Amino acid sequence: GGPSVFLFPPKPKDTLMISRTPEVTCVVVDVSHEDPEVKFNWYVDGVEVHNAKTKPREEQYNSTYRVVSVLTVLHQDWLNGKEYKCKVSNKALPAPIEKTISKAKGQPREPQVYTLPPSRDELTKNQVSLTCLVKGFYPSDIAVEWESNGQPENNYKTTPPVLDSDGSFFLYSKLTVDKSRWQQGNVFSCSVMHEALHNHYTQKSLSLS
């Protein structure tokens, strides 16, 4: 067989907010119980770097092993196309495995946010859904969140980026609330974080006139 490798990109919100810390993660699965020594080699646009933080291996219930190296990156570097290569070297492997990832190439496109109130037919229920349509953005890397009264509402579920017919993406975010909170006229806001948004952020409120 052979241990396997998967390279994971940073979280959209991590690359956009200067507060957060974006990291590219390198995972190694099917790591042999007898030859568990795993060595990582990280490279940015060719040049090797050494500030990756490798975590202690861990036997997986299927009696194998799993090792993970986390490379912290620069929001700019990721946003600027820089390429991140992870090179895994192990015994049970003829030659070190290599995986490379970078941000999607292509003209970014500022997203448009629209807040839709619940359908009338839904007011018969005890909870109603507030929708936040986010369309025409690119690349698909994006982060949607809801809040009210400054506080974050967490009972929401965003769909994953869907490719539209014009080559851009669009998704929808459904926040679920108590009819009571809604009809009471409270104000909710859908915030979107994207690279093509001024200051990588925007908001749209939603309530009952």
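Position 1 is the first residue in the sequence shown; the rest follow in order.
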Item to complete: Could you check which stretch, 157 to 165 or 179 to 187, carries the larger mean CA temperature factor in the entry?
Response: 179 to 187
Response to the item:
Once average C-alpha B-factors are taken from the entry for 49 to 57 and 139 to 147, the winner is 49 to 57
Practice prompt. Choose from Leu116, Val113, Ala104, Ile97 the residue with the greatest Cα B-factor as stated in the PDB record.
Written response: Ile97
Fill in: C-alpha B-factor winner, where the candidates are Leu133, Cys86, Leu130, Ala92
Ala92
Fill in: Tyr43 - Cα temperature factor, lowest/middle/highest third of chain
middle
Practice prompt. Could you tell me which third, lowest, middle or highest, the C-alpha B-factor of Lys125 occupies within its chain?
Written response: highest
Item to complete: Please rank the C-alpha B-factors of the chain's modelled residues and tell me whether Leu206 sits in the lowest, middle or highest third.
Response: lowest
Discussion item. Sorting by Cα B-factor within the chain, modelled residues only, which third would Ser19 end up in: lowest, middle or highest?
Written reply: highest
Worksheet item: By the record's CA B-factor, is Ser63 among the lowest, middle or highest third of residues in the chain?
Response: highest
